């Protein structure tokens, strides 16, 4: 039903989920950066 | 640079999230309808047998 | 060095992947044949009982027959748990049946499953290392 | 006034006097500065007689500073007459030289710890093998018992099918035995619920099999007086040593 | 039933399960600091 | 900010904060001129003739 | 129920008067079912397709 | 389920290409196979006096 | 699953030897002993 | 499942003490409750129509 409604409204969704993956990438990078700037211990993968 | 890019992507989210919420509610209402229609089929199949 | 090594390993991967695609579409057509045959048995049982209820017998003849058919299939699923150590679940049984057909077809066609599998492991293990080496946070490259 | 970044965006809701609207202004913290904020405030309406931002000390703040620097404290919002005390909600050499000190002395420390760790691994393999010999035999006996339990469950199914099969077709009627052959199914349902409420564990066949296997295994380790705590302690220790030796592969 | 008893006795469940996350985070960080591989 | 800003960014902000200014510089305690790309924290080590 | 950190899950969410709307959708469709069952029974009682004896 | 861990929305789950036709076109003729193999079986039991009525 | 995270195809699934013969050797005689005690119970139940 | 990733063996899982006779001592008298309520519902059904 969602892809039906999105194709009915011609919703561009590649830009949407690419944007959401970029935002999640940035938040994971901030969660890794929590370590060296507060605890001052080395990082992970 | 990362907290700059995060808010850049947040502002780039800001117009499109509203259209996504509209499509999401518009399809979620249909899913609620088909769930209650499944229960409707079940109640009718009880009654026509009873 | 790491990107040349990983492209060398992809180059070694290149023929074996195509062989695996051929043997995989073979085993996939076989397991799809098995699925449609299970649906076929599921249909022809209902046709048999559709005759034997009204057309030439009664209900009190075939009611214990249907009962013991259901109880026998309920026992047979436990027998399936006895045979292989897993319950009769449809995607799980489909995975076992497909992968059994895969190993049967790879034994017949005789291509290196192990040199496929070890090397496909080394692809991702070196790619994770290249991914960590290209980290924009752990500065190595300028 | 109210600066609410529950959205993530700190959005001030404020008014000028002689205005209809308690107007809400959305701002970025780091890139939206005071200057482009006042650009927004001068395109929104015509209250540009005077508008500024002052210090809590009353000093005019820079018109180009970021709002991230501003909203870290309160301030005097400057309209022609009134003053909004807007309240928003909310060594270094040593760390570097310690990282520098440990950077000189990683490699010899790792090369020493490799030999130490292989020594601990070898000594615990030596300590683990004679308990492993008893563990294999106890596990074999418990596996034999659980396998016979599986085959006895299938025996119960086949015997129940036989006793239900004979009477209906050779001795008695299906009309007088169909209730009993339903209540065996309903009793099987009650037994499944009884296994759930008895064990705090869902009745599925692999979990039930592993349940009986662990009970038979600890019965056998009790009867052979096995030291299970030593055994799984040494398994955990060797697994930890193997994890550390995996860490030393870089 | 636990949230019913929580609304009954009113014992700051939000502070409690925030503090559980905090104590687990600090405990993992201390075990991270007590590495047997790196001088600290 | 000392960790992000150079002298030239501070001087362009001081430039745009007014309009009637044309010549700005930051000198040393000596007579010499601190450049535009110099970090602020290196400038805040000592005093300076603004 | 308990996560890795020892914390406790949020409230199990309910719905907007679920018992009442479940009952208010199961009972009238039960009546529609018994109505169309009677209607079908009469409809093929009219023709010779029925089987009460 | 609906979204990813990231909040991104999953791609469209595939339906079988003309699957609803291909399922009933195997269902109904094999119902006739169950018809034929039963109307032969009842006659085979009627011939050799093993039948119940 | 069929592949692992790396594309690693899982190895040949474990079967037990002669398992269809082993279950067929066990389903039959227990059905027959259920037949036997069916006779023993049927001849004796309403005899009392 | 029986063996953790370390290779350890899981402990003896919790068994409810006397819970089997709890089930046996709750099923039987509530089965007698069903026995009582069958008669005391069928009688007032048939006798007061």
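Easy rule for this one: first residue shown is 1, then count along the chain.
Method on record in the header is electron microscopy, 4.2 Å.
Cβ atoms are placed via backbone N, Cα and C, with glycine included.
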If I look at Swiss-Prot, which residue among D:23, D:105 would I find recorded as S-glutathionyl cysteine?
D:23
Pick from D:174-182, D:183-191, D:192-200, D:201-209: which range has motif 'Selectivity filter' per Swiss-Prot?
D:174-182
Name the residue range among D:106-137, D:138-169 that Swiss-Prot annotates as coiled coil.
D:106-137
